[PDB]
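What follows is one structure encoded as structure tokens, with my remarks underneath.
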Amino acid sequence: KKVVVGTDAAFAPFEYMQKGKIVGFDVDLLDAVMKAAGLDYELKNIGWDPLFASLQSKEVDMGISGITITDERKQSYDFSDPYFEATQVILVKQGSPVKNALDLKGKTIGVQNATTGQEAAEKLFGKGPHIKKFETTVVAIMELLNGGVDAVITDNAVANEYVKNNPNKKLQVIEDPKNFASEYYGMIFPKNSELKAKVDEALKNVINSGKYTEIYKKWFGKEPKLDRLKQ
Ligand SMILES: N[C@@H](Cc1c[nH]c[nH+]1)C(=O)O
């Protein structure tokens, strides 16, 4: 019996489809972690909202989908030790007047459904019509390109990856460290999972052996500050 791992492979550089195969930082880290934990696994591309549903039903044993550790998600799920630090940013067209998150007032914001980016947008301007929720971040960014939304709030490394990969779209990343707090990714599990402890120990092995850093350098071209993982 293999471990069923779910991911939403529409979140580059962490997980995405390349020539019909699921690739990314989370994909490479998962492979490293699971082999260090001695667990045969299957990686499923399932979708963002199906994934969380599947984890609650326990049909999926494990998740790695650039998922931010939050106390709101700790209600139903368990998390591994953090393996990445992120923050929400604001993605816009280069000609945007947006300088900070407060400039987004009265404007339409495209977020992926049930994410920390949605939460951040709803924290500032409350729940309402000009917060447009999409199943993938890919589609949210697509509503930005065509003018359907004025701004996108998503994770920083994803936004930076899209700007880097797509210069002809002429998008810019607006950072607001005053409004957006530090976030940490964790591998997710159904409540009281027996895999969590094995994954935590395997992650340490992966970090200690220098395996994590090689994967980090591959996707981000620089040395990680590993002290971000002991916060
Ligand atoms: N890290 C954010 C955004 C995200 C990760 N994967 C898809 N969206 C979250 O877990 O809510």
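Per-residue answers, yes or no, for (1) under 20 Å from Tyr216 (Cα atoms); (2) aliphatic (A, V, I, L, M):
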site	(1), (2)
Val3	no, yes
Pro13	yes, no
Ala32	yes, yes
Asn45	no, no
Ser54	no, no
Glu59	no, no
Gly66	yes, no
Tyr83	yes, no
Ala86	yes, yes
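Just for region 166-187: of the residues that are over 27 Å from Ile69 (Cα atoms) and in contact (Cβ under 8 Å) with a residue 24 or more places away in the chain, which one is surrounded by the fewest Cβ atoms within 10 Å (Cβ to Cβ)?
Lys170
Hey, any hits in region 185-194 for a residue that's touching a helix residue (DSSP H, G or I) at 6+ places or on another chain (Cβ under 6 Å), in the same structural domain as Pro13 (by CATH) and not hydrophobic (A, V, I, L, M, F, W, C)?
yes
Is it the case that some residue within region 152-164 is free of Cβ contacts under 8 Å to residues at least 40 places away in the same chain, outside the structural domain of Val98 (by CATH) and either crowded, with 18+ Cβ neighbours inside 10 Å or among the basic types (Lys, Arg) (or both)?
No, region 152-164 contains no residue that is free of Cβ contacts under 8 Å to residues at least 40 places away in the same chain, outside the structural domain of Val98 (by CATH) and either crowded, with 18+ Cβ neighbours inside 10 Å or among the basic types (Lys, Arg) (or both).
Considering only region 1-26, how many residues are more than 19 Å from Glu59 (Cα to Cα) and in contact (Cβ under 8 Å) with a residue 24 or more places away in the chain? Talk me through it step by step, then tell me what you get.
Of the residues in region 1-26, the ones more than 19 Å from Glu59 (Cα to Cα) are 10-26.
After this cut, where a residue has to be in contact (Cβ under 8 Å) with a residue 24 or more places away in the chain as well, the list is 10-15, 17, 24-26.
Total meeting the criteria: 10.
For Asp31, all conditions in the list (1) touching a residue at least 24 places away in the same chain (Cβ under 8 Å); (2) closer than 13 Å to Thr7 by Cβ hold save one; what is the number of the exception?
Status for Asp31: all satisfied but (1).
Can you tell me which residue in region 1-17 is farthest from the ligand (Cβ to nearest atom), limited to those that are assigned to a strand (DSSP E or B) and farther than 19 Å from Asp155 by Cβ?
Step one: of region 1-17, the residues assigned to a strand (DSSP E or B) are 3-7, 10-11, 15-17.
After this cut, where a residue has to be farther than 19 Å from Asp155 by Cβ as well, the list is 3-5.
Working: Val3: 20, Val4: 18, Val5: 15 Å.
Filtering region 1-17 for residues that are assigned to a strand (DSSP E or B) and farther than 19 Å from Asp155 by Cβ, the one farthest from the ligand (Cβ to nearest atom) comes out as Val3.
So is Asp103 part of a helix (DSSP H, G or I), surrounded by fewer than 19 Cβ atoms within 10 Å (Cβ to Cβ) and more than 13 Å from the ligand (Cβ to nearest atom) or not?
Values: part of a helix (DSSP H, G or I): yes; surrounded by fewer than 19 Cβ atoms within 10 Å (Cβ to Cβ): yes; more than 13 Å from the ligand (Cβ to nearest atom): yes.
For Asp103, the condition - part of a helix (DSSP H, G or I), surrounded by fewer than 19 Cβ atoms within 10 Å (Cβ to Cβ) and more than 13 Å from the ligand (Cβ to nearest atom) - is met.
Looking only at region 109-124, which residues are surrounded by fewer than 17 Cβ atoms within 10 Å (Cβ to Cβ) and of a type outside the set (A, V, I, L, M)?
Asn113, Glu119, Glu122, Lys123
Of the numbered conditions (1) surrounded by fewer than 17 Cβ atoms within 10 Å (Cβ to Cβ); (2) outside the structural domain of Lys74 (by CATH), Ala197 fails exactly one; give the number of that condition.
All conditions are met except number (2).
Test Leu39 against the criterion of being crowded, with 16+ Cβ neighbours inside 10 Å, in contact with a strand residue (DSSP E or B) (Cβ under 8 Å, 6 or more places away or on another chain), touching a residue at least 12 places away in the same chain (Cβ under 8 Å) and part of a loop (DSSP other than H, G, I, E, B), and give yes or no.
Here the answer is yes, as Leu39 does meet what is asked.
Filter region 44-68 down to residues that are in a loop (DSSP other than H, G, I, E, B) and surrounded by fewer than 21 Cβ atoms within 10 Å (Cβ to Cβ) and give me whichever is nearest to the ligand (Cβ to nearest atom).
Restricting to residues being in a loop (DSSP other than H, G, I, E, B) and surrounded by fewer than 21 Cβ atoms within 10 Å (Cβ to Cβ), the top hit is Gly47.
Positions of Cβ are backbone-derived with ideal geometry, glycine not excepted, and every protein chain shown enters the neighbour counts. Basis: the model, the stated rules and, where named, an outside source; none is laboratory data.
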